[PDB]
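Asker: So I've got this experimental structure, pasted below with the sequence.
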Amino acid sequence: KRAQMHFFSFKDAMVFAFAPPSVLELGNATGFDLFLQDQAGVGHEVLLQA
Amino acid sequence: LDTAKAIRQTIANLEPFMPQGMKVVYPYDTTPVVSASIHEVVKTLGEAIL
Amino acid sequence: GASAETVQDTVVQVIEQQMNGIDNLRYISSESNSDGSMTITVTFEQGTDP
Amino acid sequence: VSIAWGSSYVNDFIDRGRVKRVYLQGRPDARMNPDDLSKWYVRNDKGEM
C-alpha cells in the first residue's frame, strides 16, 4: 500500500500492486472469486451491465 | 442417490429461465428403487432385532 | 490475427462442447483474447489422478 | 450424389450464442423414390446441363 496510493490514484491508469496468498497452489491472489453467467442468452450487453 | 439429487438441483437453477409453456418431466428414473431397497432391509433389520 | 470473438466461436466453443464424459470434472472455464490466444481450464475434484 | 440425399455438413453458424451446424440436403421430395433421383441434373464440361 506504501506504493498502492502512488498510482492507484491516477486517471492515467490503475496500478493495483498486490501480494500472493498463504499457499500459491490456488490463486495468485487473496480474497474471494466468482463468475456471473448468461443462462438466458441475453447476450454480451446485459451481462456487461450486470 | 447423490447424482440424481445433484442433477435435479442443476435443473432447478435452469428452470427459472425456461420459456412460458415448457415443464421438465422425469419419465425414466431408477433412483427410487435404491431408496426403497435400503428403507425396507433397514426396516426388517430392526424387526430382526426386536 | 483473430479477435476474441473469432477465437471463441471458431475454437473455444467447438472444444467446450466436447468437454464432457470426463471423470471427476468439477468445473470448466475459458478465455479468448485480442492477441488471439485462448485457454480452457478444466479444474478437477481433489484426488483425481492428473 | 452425397449432398442432396446425404445431407452434407458445410460449416458452423452462431445461434443465439452457440455454435451449431449447417446442413445442406436436397428438398425431401427429391430423394424419396428410385426415379425421384433422375431429377438431379449435373453440369456439363461444355457449360451445358
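Answerer: Now that the structure is in, tell me what you want to look at. Numbers count the residues shown, from 1 in each chain, chains lettered A, B, ... in the order given.

Asker: What residues sit buried inside the one helix or strand residue B:39 maps to?
Answerer: Assigned by DSSP states H and E, residue B:39 belongs to helix B:31-49. Within helix B:31-49, no residue is scored as buried using 16 or more other C-beta atoms under 10 Å in any protein chain shown. Where you see a C-beta, it was placed from the backbone N, CA and C, and this is true even at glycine.

Asker: Give me the contact list for it.
Answerer: For helix B:31-49, the surrounding residues in contact (C-beta atoms under 8 Å, 6 or more residues apart in numbering or on different chains) are B:1, B:4.

Asker: tell me which parts of chain A are close to chain C?
Answerer: Residues of chain A that fall close to chain C, judged by C-beta under 8 Å from any C-beta of the partner chain: residue A:35.

Asker: at 10 Å what do you get?
Answerer: Residues of chain A lying close to chain C by C-beta under 10 Å from any C-beta of the partner chain are A:35, A:44.

Asker: Any idea how far the helix holding residue B:39 is from the middle of the chain?
Answerer: Distance of helix B:31-49 from the chain centroid (C-alpha atoms, centre = their mean, to the nearest Å) equals 16 Å.

Asker: count of neighbours near the closest residue in space to residue A:16 that isn't next to it in sequence?
Answerer: Spatially, and ignoring its direct neighbours in sequence, residue A:16 is nearest to residue A:8 (6.1 Å; C-beta to C-beta, 6 or more residues apart in numbering or on different chains). Neighbourhood size, residue A:8 [other C-beta atoms under 10 Å in any protein chain shown]: 13.

Asker: Quick check: residue A:8 touching residue A:2?
Answerer: No. Taking C-beta atoms under 10 Å as the definition, residue A:8 is not a contact partner of residue A:2, at 11.8 Å.

Asker: Return the nearest residue of chain C with respect to chain D.
Answerer: At 4.7 Å from chain D, residue C:13 is the closest residue in chain C, using C-beta to the nearest C-beta.

Asker: Secondary structure element holding that residue?
Answerer: Counting by DSSP H and E, residue C:13 is part of helix C:12-16.

Asker: just how off-centre is that helix within its chain?
Answerer: 6 Å.

Asker: So is that helix next to chain A?
Answerer: No. Contact of helix C:12-16 with chain A (C-beta under 10 Å from any C-beta) is absent, the minimum separation being 13.2 Å.
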